[PDB]
Amino acid sequence: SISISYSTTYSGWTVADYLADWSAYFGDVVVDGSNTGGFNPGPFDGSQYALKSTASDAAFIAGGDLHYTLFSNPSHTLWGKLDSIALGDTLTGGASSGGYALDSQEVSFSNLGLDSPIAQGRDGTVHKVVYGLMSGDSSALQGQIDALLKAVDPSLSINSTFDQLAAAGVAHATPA
Amino acid sequence: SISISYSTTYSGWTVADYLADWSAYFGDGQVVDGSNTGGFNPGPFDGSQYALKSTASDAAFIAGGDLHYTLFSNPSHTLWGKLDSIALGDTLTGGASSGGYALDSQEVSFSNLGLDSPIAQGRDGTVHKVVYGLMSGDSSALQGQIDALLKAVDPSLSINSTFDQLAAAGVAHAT
Ligand code: HEM
Ligand code: HEM
């Protein structure tokens, strides 16, 4: 089931609270090179999709087995399997580096278990999750995390603190 | 007409020998990837620059002008538009985000190439050949145009002239 890493800095924050603040920090991103983001290995598919903010040093990384349709029907659909979302700050590496990595990784969500097929187009969950983050709207990631936590134990939710989810077996603290 | 910039390092080199050496250095089925697409500035598929790093070494180049790339549209996988410059060297930095590509060490820059190729010509256009050739480290299409451009200025000048010699002529300038 879902597993979570967090920086001690965020020990007392609720996930809903952390994800709202992370997204306002990242902001909203005409599409061009500064703005498309990147796939590993790419160009339009890979095990990792990563995007830097145009506004701040915030950065994120979506991992699993992902496919972007670009202009093919249904256009501008991200689909595939999404296993991880890693949020933080200052993106590094890429296709010729062997993977994207965050220099300062604040929080990660792993074993999401999300899978959307091409046929749902842009209404697919994987699409609505990653596109949300690109756009400064983590609400779709929030909604999805909330369901994973609830199925583990009906007491846990995006309004649990990270530390409470550590007590629950789900989260695991790291330095800062 | 054509103008060259070169690092005093290559003052003694012929244009042909330097392009032979850069190509050897850049290097030579291979699945198309983030590691060999290069990129456009602003991009993603159009800009005032295209640039690529070799996967084998630090070698890299920047094609400058007003460039368009068809990708999957027709004619498929065609670079067209205007190509004014090719810069060759080491250590590609920058991007759309940094407001431009650059080379931390630019060795040679060929400018005022006056190359202009329409969409219709597809992959048979001179812009496409020059640049695709360079995407695999092959400077022969580039070399061919630079030679014809050197000569139009004066027949005594050519790809076999040293950069020093193209300076003395008035075509080249030391960086
Ligand atoms: C990573 C490589 C990507 C590239 C090169 C790319 C490129 C583009 C470009 C060039 C456009 C402009 C469309 C237009 O103005 O006609 C666009 C729009 C769009 N992209 Fe991407 N994108 C990438 C990744 C993603 C991802 C991962 C998602 C979703 C998670 C996405 C979703 C969209 C959506 C929804 C649009 C809106 C199209 C519209 O205006 O209706 N893109 N993309
Ligand atoms: C943003 C940069 C580029 C991207 C993302 C890109 C993407 C691709 C991809 C994915 C393919 C493979 C088609 C396939 O096998 O499924 C391809 C092929 C090709 N590209 Fe590019 N390309 C780029 C730049 C260029 C440039 C600048 C040129 C010309 C100077 C070019 C010329 C070609 C040619 C001739 C092929 C066909 C090779 C073959 O089918 O064997 N590409 N491109």
# chains A, B, ... in the order shown; residues from 1 in each chain; ligands from 1
$ residues_near_ligand --ligand "ligand 2" --cutoff "6 Å" --atoms "only C-alpha atoms and all ligand atoms" --output "list in words"
residues 43 of chain A; 32, 37, 38, 39, 40, 44, 45, 71, 77, 78, 79, 128, 131 and 132 of chain B
$ interface_residues --of "chain B" --to "chain A" --cutoff "12 Å" --atoms "only C-alpha atoms" --output "PyMOL selection string"
chain B and resi 31-47+49-50+52-58+71-73+94-101
$ write_last_selection --atoms "N, CA and C atoms" --output "compact mmCIF listing (two decimals), in the first residue's frame"
# COMPACT_ATOMS: atom_id res chain seq x y z
N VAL B 31 17.98 4.11 -30.87
CA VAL B 31 16.61 4.53 -30.55
C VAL B 31 16.60 6.04 -30.29
N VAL B 32 15.63 6.78 -30.86
CA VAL B 32 15.57 8.24 -30.62
C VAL B 32 15.04 8.52 -29.21
N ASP B 33 15.77 9.41 -28.51
CA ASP B 33 15.75 9.60 -27.05
C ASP B 33 15.93 11.04 -26.62
N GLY B 34 15.61 11.32 -25.36
CA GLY B 34 16.05 12.57 -24.72
C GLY B 34 17.54 12.85 -24.86
N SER B 35 18.35 11.80 -25.00
CA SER B 35 19.81 11.94 -25.10
C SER B 35 20.32 12.30 -26.50
N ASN B 36 19.45 12.17 -27.51
CA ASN B 36 19.82 12.56 -28.87
C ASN B 36 18.79 13.42 -29.61
N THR B 37 17.73 13.87 -28.96
CA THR B 37 16.80 14.76 -29.67
C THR B 37 17.46 16.13 -29.93
N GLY B 38 18.33 16.54 -29.01
CA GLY B 38 18.70 17.93 -28.86
C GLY B 38 17.47 18.71 -28.38
N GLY B 39 17.53 20.04 -28.45
CA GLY B 39 16.37 20.84 -28.09
C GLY B 39 16.28 22.13 -28.89
N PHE B 40 15.06 22.70 -28.94
CA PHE B 40 14.80 24.01 -29.55
C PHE B 40 14.61 25.08 -28.46
N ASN B 41 15.13 26.28 -28.75
CA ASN B 41 14.89 27.50 -27.94
C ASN B 41 14.15 28.50 -28.82
N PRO B 42 12.94 28.91 -28.43
CA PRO B 42 12.21 28.57 -27.19
C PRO B 42 11.71 27.12 -27.13
N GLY B 43 11.32 26.56 -28.27
CA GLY B 43 10.88 25.18 -28.34
C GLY B 43 9.39 25.06 -28.06
N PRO B 44 8.85 23.82 -28.04
CA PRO B 44 9.64 22.58 -28.12
C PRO B 44 10.16 22.16 -29.52
N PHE B 45 9.46 22.58 -30.57
CA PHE B 45 9.75 22.13 -31.95
C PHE B 45 9.99 23.29 -32.89
N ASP B 46 10.10 24.49 -32.36
CA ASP B 46 10.41 25.67 -33.15
C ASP B 46 11.26 26.57 -32.24
N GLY B 47 12.13 27.35 -32.88
CA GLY B 47 12.84 28.39 -32.22
C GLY B 47 13.89 29.09 -33.10
N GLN B 49 17.01 28.79 -32.00
CA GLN B 49 18.12 27.86 -31.90
C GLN B 49 17.69 26.43 -31.84
N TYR B 50 18.56 25.58 -32.35
CA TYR B 50 18.58 24.17 -32.03
C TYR B 50 20.00 23.79 -31.55
N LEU B 52 22.50 20.47 -29.53
CA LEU B 52 22.65 19.07 -29.13
C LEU B 52 24.03 18.78 -28.59
N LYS B 53 24.05 18.02 -27.50
CA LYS B 53 25.24 17.43 -26.90
C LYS B 53 25.43 16.02 -27.44
N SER B 54 26.66 15.67 -27.79
CA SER B 54 27.01 14.27 -27.99
C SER B 54 26.76 13.44 -26.73
N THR B 55 26.31 12.20 -26.93
CA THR B 55 26.27 11.19 -25.84
C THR B 55 27.66 10.58 -25.59
N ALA B 56 28.57 10.61 -26.56
CA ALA B 56 29.94 10.06 -26.35
C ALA B 56 30.91 11.01 -25.69
N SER B 57 30.79 12.31 -25.89
CA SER B 57 31.75 13.26 -25.28
C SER B 57 31.06 14.59 -24.91
N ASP B 58 31.85 15.61 -24.55
CA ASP B 58 31.31 16.93 -24.25
C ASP B 58 30.91 17.73 -25.48
N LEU B 71 8.38 17.16 -37.00
CA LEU B 71 8.14 15.95 -36.19
C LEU B 71 7.26 14.89 -36.95
N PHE B 72 5.97 14.79 -36.64
CA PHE B 72 5.12 13.75 -37.26
C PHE B 72 4.26 14.27 -38.39
N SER B 73 4.17 15.60 -38.47
CA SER B 73 3.40 16.25 -39.53
C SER B 73 4.21 16.18 -40.81
N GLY B 94 22.40 26.19 -20.73
CA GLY B 94 21.33 27.10 -21.04
C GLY B 94 20.20 26.32 -21.63
N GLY B 95 19.22 27.02 -22.19
CA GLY B 95 17.97 26.39 -22.63
C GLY B 95 16.96 27.46 -22.96
N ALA B 96 15.70 27.06 -23.13
CA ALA B 96 14.60 28.06 -23.18
C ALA B 96 14.52 28.87 -21.86
N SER B 97 14.71 28.17 -20.74
CA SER B 97 14.57 28.75 -19.39
C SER B 97 15.58 29.86 -19.09
N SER B 98 16.83 29.68 -19.53
CA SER B 98 17.92 30.62 -19.27
C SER B 98 17.97 31.73 -20.32
N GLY B 99 16.91 31.81 -21.13
CA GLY B 99 16.85 32.76 -22.24
C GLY B 99 17.98 32.58 -23.24
N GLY B 100 18.22 31.32 -23.64
CA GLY B 100 19.22 30.97 -24.66
C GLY B 100 20.24 29.87 -24.38
N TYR B 101 20.62 29.15 -25.45
CA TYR B 101 21.71 28.16 -25.40
C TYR B 101 23.09 28.83 -25.52
$ select_by_dssp --residues "chain A" --states "strand (DSSP E or B)" --output "ChimeraX atom specification"
/A:3-7,14,38-41,45-52,58-68,78-94,99-110,114-116,161,171-174
$ residues_around --residues "residue 135 (chain A)" --least-positions-apart "4" --cutoff "7 Å" --atoms "only C-alpha atoms" --output "tab-separated table (two decimals) with C-alpha atoms, in the first residue's frame"
chain	number	residue	atom	x	y	z
A	27	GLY	CA	2.59	28.23	-9.17
A	28	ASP	CA	0.94	27.93	-12.64
A	29	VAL	CA	2.86	27.36	-15.92
A	131	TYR	CA	-1.54	17.95	-15.07
$ atom_distance --atom1 "CA of residue 16 (chain A)" --atom2 "CA of residue 142 (chain A)"
6.4 Å
$ residues_around --residues "residue 106 (chain A)" --least-positions-apart "4" --cutoff "6 Å" --atoms "only C-alpha atoms" --output "ChimeraX atom specification"
/A:6-7,88
$ residues_around --residues "region 7-19 of chain B" --least-positions-apart "4" --cutoff "10 Å" --atoms "only C-alpha atoms" --output "PDB file with N, CA and C atoms, in the first residue's frame"
ATOM      1  N   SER B  23      34.067  16.595 -35.458  1.00  0.00           N
ATOM      2  CA  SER B  23      33.200  15.426 -35.794  1.00  0.00           C
ATOM      3  C   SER B  23      33.698  14.135 -35.136  1.00  0.00           C
ATOM      4  N   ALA B  24      34.992  13.819 -35.322  1.00  0.00           N
ATOM      5  CA  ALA B  24      35.642  12.690 -34.635  1.00  0.00           C
ATOM      6  C   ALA B  24      35.346  12.692 -33.116  1.00  0.00           C
ATOM      7  N   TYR B  25      35.483  13.877 -32.520  1.00  0.00           N
ATOM      8  CA  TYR B  25      35.230  14.100 -31.101  1.00  0.00           C
ATOM      9  C   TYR B  25      33.728  13.951 -30.721  1.00  0.00           C
ATOM     10  N   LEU B  88      30.195  25.593 -32.934  1.00  0.00           N
ATOM     11  CA  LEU B  88      30.723  24.306 -32.501  1.00  0.00           C
ATOM     12  C   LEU B  88      31.662  24.483 -31.328  1.00  0.00           C
ATOM     13  N   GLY B  89      31.658  23.520 -30.400  1.00  0.00           N
ATOM     14  CA  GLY B  89      32.614  23.508 -29.291  1.00  0.00           C
ATOM     15  C   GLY B  89      32.313  22.448 -28.257  1.00  0.00           C
ATOM     16  N   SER B 105      32.592  26.609 -23.892  1.00  0.00           N
ATOM     17  CA  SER B 105      33.732  26.863 -24.742  1.00  0.00           C
ATOM     18  C   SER B 105      33.364  26.767 -26.213  1.00  0.00           C
ATOM     19  N   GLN B 106      33.131  27.931 -26.823  1.00  0.00           N
ATOM     20  CA  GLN B 106      32.876  28.026 -28.253  1.00  0.00           C
ATOM     21  C   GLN B 106      34.175  28.102 -28.997  1.00  0.00           C
ATOM     22  N   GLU B 107      34.365  27.162 -29.931  1.00  0.00           N
ATOM     23  CA  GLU B 107      35.632  27.048 -30.643  1.00  0.00           C
ATOM     24  C   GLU B 107      35.536  27.785 -31.961  1.00  0.00           C
ATOM     25  N   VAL B 108      34.466  27.550 -32.712  1.00  0.00           N
ATOM     26  CA  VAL B 108      34.287  28.217 -34.007  1.00  0.00           C
ATOM     27  C   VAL B 108      32.821  28.625 -34.196  1.00  0.00           C
ATOM     28  N   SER B 109      32.570  29.762 -34.839  1.00  0.00           N
ATOM     29  CA  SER B 109      31.186  30.125 -35.178  1.00  0.00           C
ATOM     30  C   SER B 109      31.090  30.568 -36.604  1.00  0.00           C
ATOM     31  N   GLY B 137      27.331  13.778 -35.850  1.00  0.00           N
ATOM     32  CA  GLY B 137      28.755  14.148 -35.897  1.00  0.00           C
ATOM     33  C   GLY B 137      29.322  14.334 -37.308  1.00  0.00           C
ATOM     34  N   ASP B 138      28.500  14.233 -38.369  1.00  0.00           N
ATOM     35  CA  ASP B 138      28.970  14.338 -39.767  1.00  0.00           C
ATOM     36  C   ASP B 138      28.842  15.790 -40.259  1.00  0.00           C
ATOM     37  N   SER B 139      29.985  16.480 -40.355  1.00  0.00           N
ATOM     38  CA  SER B 139      30.075  17.877 -40.821  1.00  0.00           C
ATOM     39  C   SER B 139      30.205  18.043 -42.338  1.00  0.00           C
ATOM     40  N   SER B 140      30.045  16.977 -43.108  1.00  0.00           N
ATOM     41  CA  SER B 140      30.298  17.091 -44.561  1.00  0.00           C
ATOM     42  C   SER B 140      29.303  18.025 -45.263  1.00  0.00           C
ATOM     43  N   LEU B 142      27.804  20.532 -43.840  1.00  0.00           N
ATOM     44  CA  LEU B 142      28.241  21.842 -43.330  1.00  0.00           C
ATOM     45  C   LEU B 142      29.483  22.312 -44.086  1.00  0.00           C
ATOM     46  N   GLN B 143      30.521  21.477 -44.105  1.00  0.00           N
ATOM     47  CA  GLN B 143      31.745  21.769 -44.796  1.00  0.00           C
ATOM     48  C   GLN B 143      31.468  22.244 -46.230  1.00  0.00           C
ATOM     49  N   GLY B 144      30.620  21.524 -46.943  1.00  0.00           N
ATOM     50  CA  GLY B 144      30.284  21.865 -48.336  1.00  0.00           C
ATOM     51  C   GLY B 144      29.723  23.277 -48.503  1.00  0.00           C
ATOM     52  N   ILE B 146      30.030  25.927 -46.302  1.00  0.00           N
ATOM     53  CA  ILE B 146      31.097  26.858 -45.905  1.00  0.00           C
ATOM     54  C   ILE B 146      32.136  27.038 -47.031  1.00  0.00           C
ATOM     55  N   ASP B 147      32.587  25.948 -47.649  1.00  0.00           N
ATOM     56  CA  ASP B 147      33.467  26.072 -48.813  1.00  0.00           C
ATOM     57  C   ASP B 147      32.911  26.963 -49.933  1.00  0.00           C
ATOM     58  N   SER B 158      38.950  29.055 -48.946  1.00  0.00           N
ATOM     59  CA  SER B 158      38.361  27.726 -49.011  1.00  0.00           C
ATOM     60  C   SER B 158      38.384  27.064 -47.635  1.00  0.00           C
ATOM     61  N   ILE B 159      37.793  25.880 -47.565  1.00  0.00           N
ATOM     62  CA  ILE B 159      37.827  25.124 -46.341  1.00  0.00           C
ATOM     63  C   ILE B 159      39.268  24.745 -45.992  1.00  0.00           C
ATOM     64  N   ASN B 160      40.185  24.845 -46.944  1.00  0.00           N
ATOM     65  CA  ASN B 160      41.578  24.512 -46.642  1.00  0.00           C
ATOM     66  C   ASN B 160      42.421  25.659 -46.148  1.00  0.00           C
ATOM     67  N   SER B 161      41.815  26.848 -46.012  1.00  0.00           N
ATOM     68  CA  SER B 161      42.472  28.027 -45.454  1.00  0.00           C
ATOM     69  C   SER B 161      42.509  27.922 -43.912  1.00  0.00           C
ATOM     70  N   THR B 162      43.617  28.381 -43.307  1.00  0.00           N
ATOM     71  CA  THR B 162      43.684  28.429 -41.859  1.00  0.00           C
ATOM     72  C   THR B 162      42.804  29.570 -41.415  1.00  0.00           C
ATOM     73  N   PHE B 163      42.294  29.458 -40.195  1.00  0.00           N
ATOM     74  CA  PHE B 163      41.523  30.502 -39.602  1.00  0.00           C
ATOM     75  C   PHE B 163      42.326  31.806 -39.602  1.00  0.00           C
ATOM     76  N   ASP B 164      43.586  31.735 -39.239  1.00  0.00           N
ATOM     77  CA  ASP B 164      44.451  32.907 -39.368  1.00  0.00           C
ATOM     78  C   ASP B 164      44.304  33.529 -40.763  1.00  0.00           C
ATOM     79  N   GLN B 165      44.343  32.686 -41.798  1.00  0.00           N
ATOM     80  CA  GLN B 165      44.279  33.155 -43.171  1.00  0.00           C
ATOM     81  C   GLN B 165      42.931  33.780 -43.507  1.00  0.00           C
ATOM     82  N   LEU B 166      41.848  33.280 -42.907  1.00  0.00           N
ATOM     83  CA  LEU B 166      40.544  33.875 -43.160  1.00  0.00           C
ATOM     84  C   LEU B 166      40.411  35.180 -42.375  1.00  0.00           C
ATOM     85  N   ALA B 167      41.093  35.307 -41.236  1.00  0.00           N
ATOM     86  CA  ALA B 167      41.205  36.620 -40.586  1.00  0.00           C
ATOM     87  C   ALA B 167      41.867  37.634 -41.469  1.00  0.00           C
ATOM     88  N   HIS B 173      37.277  36.254 -37.506  1.00  0.00           N
ATOM     89  CA  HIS B 173      37.655  37.122 -36.396  1.00  0.00           C
ATOM     90  C   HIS B 173      37.978  36.273 -35.167  1.00  0.00           C
ATOM     91  N   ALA B 174      39.046  36.623 -34.466  1.00  0.00           N
ATOM     92  CA  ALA B 174      39.481  35.872 -33.296  1.00  0.00           C
ATOM     93  C   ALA B 174      38.671  36.262 -32.070  1.00  0.00           C
ATOM     94  N   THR B 175      38.176  35.269 -31.332  1.00  0.00           N
ATOM     95  CA  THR B 175      37.524  35.492 -30.046  1.00  0.00           C
ATOM     96  C   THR B 175      38.517  35.402 -28.874  1.00  0.00           C
TER      97      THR B 175
END
$ closest_residue --among "B:149, B:67, B:51, B:168" --to "residue 110 (chain B)" --atoms "only C-alpha atoms"
B:149
$ closest_residue --among "A:159, A:108, A:120, A:11" --to "residue 61 (chain A)" --atoms "only C-alpha atoms"
A:108
$ closest_residue --among "A:91, A:158, A:30, A:82" --to "ligand 1" --atoms "only C-alpha atoms and all ligand atoms"
A:30
$ atom_distance --atom1 "CA of residue 85 (chain B)" --atom2 "CA of residue 156 (chain B)"
22.9 Å
$ select_by_dssp --residues "region 35-152 of chain A" --states "helix (DSSP H, G or I)" --output "VMD selection string"
chain A and resid 95 to 97 118 to 123 125 to 134 139 to 152
$ write_last_selection --atoms "C-alpha atoms" --output "compact mmCIF listing (two decimals), in the first residue's frame"
# COMPACT_ATOMS: atom_id res chain seq x y z
CA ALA A 95 17.64 11.40 -19.89
CA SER A 96 21.47 11.36 -20.42
CA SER A 97 22.09 11.34 -16.65
CA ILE A 118 -5.34 5.89 -23.24
CA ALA A 119 -9.12 5.69 -23.96
CA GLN A 120 -10.15 7.93 -21.02
CA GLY A 121 -8.09 10.74 -22.56
CA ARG A 122 -7.76 13.74 -20.32
CA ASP A 123 -10.33 12.59 -17.71
CA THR A 125 -6.77 10.02 -13.06
CA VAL A 126 -3.00 9.87 -13.93
CA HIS A 127 -3.60 12.73 -16.33
CA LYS A 128 -5.68 14.75 -13.87
CA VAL A 129 -3.07 14.14 -11.12
CA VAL A 130 0.11 15.20 -13.00
CA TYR A 131 -1.54 17.95 -15.07
CA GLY A 132 -2.93 19.36 -11.79
CA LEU A 133 0.60 19.68 -10.32
CA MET A 134 1.92 21.31 -13.53
CA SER A 139 -6.33 18.82 -5.49
CA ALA A 140 -6.50 15.74 -7.67
CA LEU A 141 -3.32 14.36 -6.05
CA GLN A 142 -4.93 15.23 -2.69
CA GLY A 143 -8.19 13.39 -3.47
CA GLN A 144 -6.22 10.30 -4.57
CA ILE A 145 -3.99 10.22 -1.53
CA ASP A 146 -7.01 10.56 0.73
CA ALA A 147 -8.56 7.34 -0.67
CA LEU A 148 -5.37 5.34 -0.37
CA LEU A 149 -4.95 6.39 3.24
CA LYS A 150 -8.57 5.71 4.10
CA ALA A 151 -8.41 2.14 2.70
CA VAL A 152 -5.40 1.38 4.88
$ atom_distance --atom1 "CA of residue 13 (chain A)" --atom2 "CA of residue 160 (chain A)"
8.1 Å
